[PDB]
Amino acid sequence: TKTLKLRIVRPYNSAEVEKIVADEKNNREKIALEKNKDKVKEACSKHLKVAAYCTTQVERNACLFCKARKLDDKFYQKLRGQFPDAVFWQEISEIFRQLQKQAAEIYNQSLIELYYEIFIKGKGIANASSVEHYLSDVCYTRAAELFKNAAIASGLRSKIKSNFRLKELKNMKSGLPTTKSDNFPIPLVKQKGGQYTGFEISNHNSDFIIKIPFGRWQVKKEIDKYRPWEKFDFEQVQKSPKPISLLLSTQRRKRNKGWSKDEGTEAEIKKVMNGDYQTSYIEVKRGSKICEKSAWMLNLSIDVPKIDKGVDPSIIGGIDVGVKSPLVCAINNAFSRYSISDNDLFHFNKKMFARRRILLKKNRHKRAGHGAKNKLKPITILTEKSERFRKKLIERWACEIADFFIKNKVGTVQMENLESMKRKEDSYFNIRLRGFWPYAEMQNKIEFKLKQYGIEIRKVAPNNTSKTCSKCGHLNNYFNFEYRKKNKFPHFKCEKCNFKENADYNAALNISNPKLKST
Amino acid sequence: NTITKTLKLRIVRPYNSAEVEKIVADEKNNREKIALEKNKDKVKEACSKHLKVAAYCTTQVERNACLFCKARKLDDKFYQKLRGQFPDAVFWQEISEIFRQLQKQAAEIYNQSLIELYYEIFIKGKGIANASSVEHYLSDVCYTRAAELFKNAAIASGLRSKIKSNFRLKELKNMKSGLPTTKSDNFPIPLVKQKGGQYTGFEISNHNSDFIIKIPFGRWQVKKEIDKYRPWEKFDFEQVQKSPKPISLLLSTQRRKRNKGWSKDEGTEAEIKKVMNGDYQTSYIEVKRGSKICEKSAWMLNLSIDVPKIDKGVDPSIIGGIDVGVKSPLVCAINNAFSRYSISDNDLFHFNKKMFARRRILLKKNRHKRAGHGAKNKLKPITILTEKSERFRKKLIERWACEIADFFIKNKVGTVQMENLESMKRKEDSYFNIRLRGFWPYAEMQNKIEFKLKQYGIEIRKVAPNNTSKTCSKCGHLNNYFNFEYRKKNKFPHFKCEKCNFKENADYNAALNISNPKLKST
RNA sequence: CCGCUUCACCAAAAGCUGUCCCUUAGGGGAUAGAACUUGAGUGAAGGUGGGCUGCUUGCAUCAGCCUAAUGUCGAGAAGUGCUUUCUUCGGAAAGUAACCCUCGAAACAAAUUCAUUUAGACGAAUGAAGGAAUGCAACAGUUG
Ligand SMILES: [Zn+2]
Ligand SMILES: [Zn+2]
Ligand SMILES: [Zn+2]
Ligand SMILES: [Zn+2]
């Protein structure tokens, strides 16, 4: 099962109507061009670099040109009068808010009525069959006769059946969590197996076209003063449907910043469109980020069974020591990296050193009579307990690396060899931690943890890492470690590739290189 | 006309009687005399409170290296003797399990009454319910249920007043918010008794320079069924009028007497002093638990009080304004007398940055840090440091608010003008929102500054907030060039007018706009 | 050690200027200048550099105490997941114990009990009942 977040700029009614939209958008754009001959000098971005005569590019957010490209609902209303089946952005966003508040009201009121029905009249003793009877006989009919698409009512039946828990609240340990109606989409479920193909998603220019079936939604004569939204009907699909199709824009915003694309999900959407990857859920709500809380995205939810893979020796991992981290892990194929935390061990050594230097100043003439026997008594118990802490921390690190590789499904990791490891000046060790460390138990515990998950070890031990780039083995021999402390450990810039890289990840990439062999 | 407040104080012990308390006070005096003549000057640590009355020694100590005060401490076998001697007397363990049962039952009845009233308003009533219907259904359901379980009327009227002050009807009418429901066991019992004119409330008695409150209560009895599923439901709570047993508590004040402000008229010690002196009749009594300290939680107590407003020289002809700054957190601006206030002395954030580094290194990889023992323990260090940092933040905010109020009383402004909240979250010239991503809650800050200016009768006017960082203040010349990235790339300079050459602090302009009275409110 | 503080000295990847291109939505790359700044750089000094209790809280100091504590564990089985059995729509029951599964566990000091090798000290406890600093600054709170 998965949840996949895509965006929408506009509906897609037909071909020629959105053609007319683009054409008259460009027509107002060229009217803004030919009118602004030093009437404004903001030089909207794009508009200046394409064909214009303006002075200064301003940041493309408060300039006059895109407001002209921002179309008007007078023109949209005249378009609606030529073509009544050409619906637009405000119409679909009103329908979004209307269905969202509809489902939120029906959901919350049916929850509280179920809770009351079970626990105060019937005294808390019934079955879940009565819950399903309330579902089918009350809220299925309510959502199917408030809007005549019964599949949405079945999806709400599924949603409330998941969201209402009888046996939890039987002990009254908590309460029913209610929303502020900004956290609530609409189900729009179809069948999983075969017959209901699912939302008829097609391809477009690096983007998609959805098809969501509906009815007629006659705009009512009485637009209610108390109720600012409910004026539609959403008539029967079995009598007279009219499926709304929308343009699914693939722009994923990165935390209120510009337009970006993430491509770990586009292949999954293509797998939906070929015929496999049988999704059944289109959640329609706002985004959870800044300024996407007003623009309506879409959420495709999918289900796949647990198809296990295991590990394979084609994937070849690497484990290297770090300078900010005590260790790092790297895979030669994908990005797929992993740091190891430092701060807990750092604060622990800080407290241990502070305790030691406290005890080494309030003892020097204070505990008399014994000599340095009972002066040395409390530091030893500290050191056994510190050693047990270091052992448990190393076991936690080994289990973390094992979980990392098992999620990444790596068959074998090439781990850098031990005597070569300890004789390294670039490590996090031998800089602050001088030499006081049990390296061999760490290696043996890592190997035992990995072989518990069944992953072999290689001992490849190259001649010179930490300055050879993974893209091209230039052997950038100006990376002296003295130079690195002289530049306070800067990035690794492979100058022949113009390859600026986090300075230790490439060192971990050299250990994952399978072309060099073991020892 | 009046401003509400609460006072949080700690319960020391259940004050029992006059005779039994005379017995225990004389027993403390007896132990003091016994260890007075037991020590034939094997001691030189007579504490300061003892050198005046019994001094055969050398020096003074810090009132914890004493022995006579240590002799005043009472054991627990003598309390078992007092348990056997007086079965009518009350003691901590019984009162604590009473209050735990009361917290559990009050939370359950509060949840059941909230969903009951939501049902009888919106489901069966089809949403057809004005506010008078809601009060009618409050009195119809919640008071009847609470008097059906608790034979007290005080707890019943308290639950009705608490649910009335919690069921915010208009937001759940137009679907604007979420239905409340509690989760925590730290749920305070409301305890309302009225106070208007021919009634007083709870009988505050200053017996011997201390504080004794008197909660009316019935004669509880021991249960018979003790089910294994729910342990704490183990009492009966019989009727006040058939069998009154007033639980009377003692609240600590010895720490408050040693403050700088105790012989004054404005610090909260003077409100406690007037509560001792008859007036400031309380009405609303919360019984919380404090920090979990040493296997036995110290139950706090909250005392409502309707203080009259301090006059303190108010004349709303004078007008001042405040902002959010970039060098100071808050800057205050006087319209005409050219007076400015700022606060630019604290080292608070390396502290909150070490905790946030610790939270992030716990949070982002929680998978093996402390697993196998629930999620209440898995976030246990985080909860202690978040509560302590929010307490530090609230106390710094209240110190800021008192400095602001002292400034405005020093410059005699009768009414202050403050920004709209919907703009304050979206105001990126702030000293906040650039150092801090999602940390600070500003609604509580504004509530504290609103209350602290209300404490001198200075009113707070919501204003038109639009583009205040660039509109000038000496003359309204509308210098709309002073953009955000323009401000960053000029190294955060002075704002200067295009034609006044008004080179002054930009945030000080951003409040001297609001300090000019010509802005209409909203 | 210190990604602790102060002082002094020192280096510039990160920030600015300026240049140039590419879409210029997000911004991406390099070359010369300065130190506001930075530094997990150097030297002198001191300093829990984590907490707990001290009677509502915070900072600083002080008295005593805990710390492997960002740790490690105790008990369970309300819930999540998983196995088996049934109606086979949909859930139940038995477990299992992996779980952002549930409840918990360190911290002033008098005094008391029981026990320990020989009145000293340790252990297990006991557990509220004004036994507790100084100085500044405040001190409506819950719920949503
Ligand atoms: Zn523009
Ligand atoms: Zn390379
Ligand atoms: Zn004394
Ligand atoms: Zn101006």
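Just so you know, all these numbers are worked out from the coordinates, no wet-lab data involved. Neighbour counts are summed over all protein chains in view; Cβ atoms, including those assigned to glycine, are modelled from backbone coordinates with ideal geometry.
Provide the per-residue ³J(HN,Hα) series for the stretch B:326-340, in order, calculated from phi with Karplus coefficients 6.51, -1.76, 1.60 and θ = phi - 60°, each as a whole number of Hz, with x at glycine and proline positions.
With coefficients 6.51, -1.76 and 1.60, one gets 10, 9, 8, x, 10, 10, 10, 10, 9, 4, 10, 7, 6, 9, 10 Hz.
Ranking B:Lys412, B:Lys273, B:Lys33 by Cβ neighbours within 10 Å, fewest first, what do you get?
Going from sparsest to densest Cβ surroundings: B:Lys33, B:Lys412, B:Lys273.
B:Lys33: net charge of surrounding residues, Cβ under 12 Å, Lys/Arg +1, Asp/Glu -1, itself excluded?
After counting each charged neighbour, the total is 0.
For the cross-link pairs B:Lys394/B:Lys448; B:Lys234/B:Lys380; A:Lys121/B:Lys173; A:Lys170/B:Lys104, which exceed 19 Å when the distance is taken from alpha carbon to alpha carbon?
B:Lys234/B:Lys380; A:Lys121/B:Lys173
Among all the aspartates and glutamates, which ones have a C-alpha under 20 Å from A:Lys493's C-alpha, if same-chain residues fewer than 8 places away are not counted?
Leaving aside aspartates and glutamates fewer than 8 places away in the same chain, those within reach of A:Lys493 are A:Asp320, A:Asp426, A:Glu482, A:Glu501, A:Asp504.
If the only charges are +1 at each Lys and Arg Cβ and -1 at each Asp and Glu Cβ, what is the size of the charge dipole of the stretch A:24-80 around the Cα centre, to the nearest 20 debye?
160 debye
For the stretch B:167-225, which GluC sites (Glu not before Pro) are in a loop by DSSP, counting at most 16 other Cβ atoms within 10 Å?
Of the GluC sites (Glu not before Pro), the ones in loops of the stretch B:167-225 whose Cβ has at most 16 other Cβ atoms within 10 Å are B:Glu203, B:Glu225.
Hey, got the average number of other protein chain Cβ atoms within 10 angstrom for residues in B:176-183?
4
³J(HN,Hα) across the stretch A:204-217 via Karplus (A = 6.51, B = -1.76, C = 1.60, θ = phi - 60°), whole Hz, x for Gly/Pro?
8, 6, 6, 8, 9, 10, 8, 9, 10, x, 8, x, 10, 6
Around B:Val331, which amide H atoms from residues at least 5 apart in sequence, or from another chain, sit under 5 Å from its own amide H, with H modelled in the peptide plane?
Distant-sequence amide H within range of B:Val331: B:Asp323, B:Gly325.
Would you mind classifying the stretch A:205-309 by shape? Square roots of the alpha carbon gyration tensor eigenvalues, ordered a ≥ b ≥ c; an a/c under 1.5 is rounded, otherwise it is prolate if a/b is larger than b/c and oblate if not.
oblate
Assigning unit charges at the beta carbon (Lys, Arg +1; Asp, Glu -1) and nothing else, what dipole magnitude in debye, to the nearest 20, does chain A show about its Cα centre?
So the magnitude is around 3220 debye.
Straight-line reach only, C-alpha to C-alpha below 16 angstrom: list the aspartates and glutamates that A:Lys46 could link to, leaving out same-chain residues fewer than 8 apart.
A:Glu29, A:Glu34, A:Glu59
Does anyone have the angle between helix B:19-38 and the longest principal axis of chain B? Alpha-carbon axes, 0 to 90°, nearest 10?
With rounding to tens, the tilt is 80 degrees.
If you add up the charges near B:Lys388, with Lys and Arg at +1 and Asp and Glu at -1, over every other residue whose beta carbon is less than 12 angstrom from its beta carbon, what do you get?
Charge balance in the 12 Å sphere: +2.
Say the dipole of chain B comes from +1 at the beta carbon of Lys and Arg and -1 at that of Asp and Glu; which of B:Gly196, B:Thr471, B:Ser252 then lies farthest toward its positive end?
The Cα lying farthest towards the positive end belongs to B:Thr471.
Please determine, in degrees from 0 to 90 and to the nearest 10, the orientation of helix A:73-82 with respect to the longest principal axis defined by the Cα atoms of chain A, where the helix direction is its Cα long axis.
With rounding to tens, the tilt is 50 degrees.
Could you pull out every residue, at least 5 positions away or on a different chain, whose amide H is within less than 5 Å of the one on A:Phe499? Hs are placed 1.01 Å off N in the peptide plane, and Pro or chain starts have none.
Result for A:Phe499 returns A:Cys494.
Quick check on the protein assembly as shown: helices-only [θ] at 222 nm, where DSSP H runs of length 4 and up contribute -39,500 (n - 2.57) each and the sum goes over total residues. Nearest 500, please.
Taking each H run of at least 4 residues, the total per residue is -11000 deg cm²/dmol.
Going through the stretch B:422-459, which chymotrypsin sites (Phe, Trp or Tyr not before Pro) have at most 12 other Cβ atoms within 10 Å and a DSSP loop state?
Nothing satisfies the criteria.
In what sequence do B:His50, A:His133 fall when counting other Cβ within 10 Å, fewest first?
Going from least to most buried by this count: A:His133, B:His50.
If you add up the charges near A:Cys494, with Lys and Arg at +1 and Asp and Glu at -1, over every other residue whose beta carbon is less than 13 angstrom from its beta carbon, what do you get?
After counting each charged neighbour, the total is +3.
What is the helix-to-structure angle for B:154-164, meaning the angle in degrees between its Cα long axis and the longest Cα principal axis of chain B, kept from 0 to 90 and rounded to the nearest 10?
20 degrees
Pairs A:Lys270/B:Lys427; A:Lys180/B:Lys365; A:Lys225/B:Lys124; A:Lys25/A:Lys500; B:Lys183/B:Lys388: which exceed 32 Å Cα-Cα?
A:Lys270/B:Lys427; A:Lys25/A:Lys500
Would you mind checking the pairs A:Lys385/B:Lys70; B:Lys195/B:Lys288; B:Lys8/B:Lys162; B:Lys425/B:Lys474 and listing those with alpha carbons more than 29 angstrom apart?
Checking Cα-Cα distances, A:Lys385/B:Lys70 exceed 29 Å.
At a Cα cut-off below 14 Å, give the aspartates and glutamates reachable from B:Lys81, other chains included and same-chain residues fewer than 8 away excluded.
Once the sequence-local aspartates and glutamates are set aside, what remains near B:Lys81 is B:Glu27.
Please list, ordered by chain and number, the residues whose modelled amide H lies under 5 Å from the amide H of A:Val413; skip anything fewer than 5 residues away on the same chain.
Sorted by chain and number, the residues that satisfy this are A:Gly317, A:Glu456, A:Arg458.
State the answer as a single residue: which of B:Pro517, B:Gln241, B:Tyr280 lies farthest towards the positive end of the charge dipole of chain B, with beta carbon charges of +1 for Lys and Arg and -1 for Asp and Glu, about the Cα centre.
The residue sitting farthest along the positive end of the dipole is B:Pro517.
Can you put B:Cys57, A:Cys54 in order of Cβ neighbours within 10 angstrom, beginning with the fewest?
Placing the least packed residue first, the sequence is B:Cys57, A:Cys54.
GluC sites (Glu not before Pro), restricted to the stretch A:183-253: which are DSSP loop and have at most 16 other Cβ atoms within 10 Å?
Listed in order of number, the matching sites are A:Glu200, A:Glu222, A:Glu230.
Rg and Dmax of the stretch A:24-80, Cα atoms, in Å?
Both quantities, over Cα of the stretch A:24-80: 12.0, 39 Å.
Mind checking the dipole of the protein assembly as shown: about its Cα centre, +1 per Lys or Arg Cβ, -1 per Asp or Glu Cβ, Debye to the nearest 20?
About 4080 debye.
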